[PDB]
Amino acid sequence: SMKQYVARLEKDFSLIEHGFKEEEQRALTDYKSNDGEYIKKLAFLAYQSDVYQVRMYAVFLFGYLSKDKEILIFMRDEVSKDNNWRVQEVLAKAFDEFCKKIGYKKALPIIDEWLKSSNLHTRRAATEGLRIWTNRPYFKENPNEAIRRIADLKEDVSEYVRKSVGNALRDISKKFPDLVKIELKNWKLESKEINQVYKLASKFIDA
């Protein structure tokens, strides 16, 4: 039964102290081996586990299932409430999986929606999940479309978000240093928040 399978996952995954590949691989196999109706039921049951590793497994399933708007909304609104930081990392990966499946250019309205969400975890999942942004389709040929979107969050009230924003710009600066330099030149570094983001973003820029 489904309940018995979740119990097995709890026994097996609770031993895993680091990483995410074991949970990811199992989620992928299960997603590919069963019809969507079944796997959606399993993902919701697994996500209620008190074992965070099993919730990680469930959020990978959500990512594979995320063409279903109901699943994507649950990711946006409910998984974003998870108190476990490792689950939050998987949320970022599952969002990236959504974007990859529908296509990054086609995903832009959703990316913009998540970046403007009220939940800081929703904003961070988008910023972090797409790193390195300019390695992704669309953004790799249009790097300012990534830089501008990330830089919009440079005054975010959340330090969690700001660290992701600064790091995401930092990523891009390693392959497009002039474009990041050009973006940063306009910043008025007056707040504690923007200076934190600037310090992360500008490490490899000859400003």
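Throughout, we count residues from 1 along the sequence that is shown.
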query: Mean Cα B-factor comparison, 29 to 37 or 140 to 148, giving the higher one as deposited; finding: 29 to 37
query: Higher-B stretch (mean Cα B-factor, as the entry records it), 61 to 69 or 174 to 182; finding: 174 to 182
query: Deposited CA B-factor, highest of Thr134, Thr127, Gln88, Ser118; finding: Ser118
query: Relative C-alpha B-factor of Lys106, binned into the chain's lowest, middle or highest third; finding: highest
query: Third of the chain's Cα B-factor distribution that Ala46 belongs to, per the entry; finding: middle
query: Entry-reported Cα temperature factor of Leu169, expressed as the chain third it lands in; finding: lowest
query: Third of chain Cα B-factors occupied by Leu153; finding: lowest
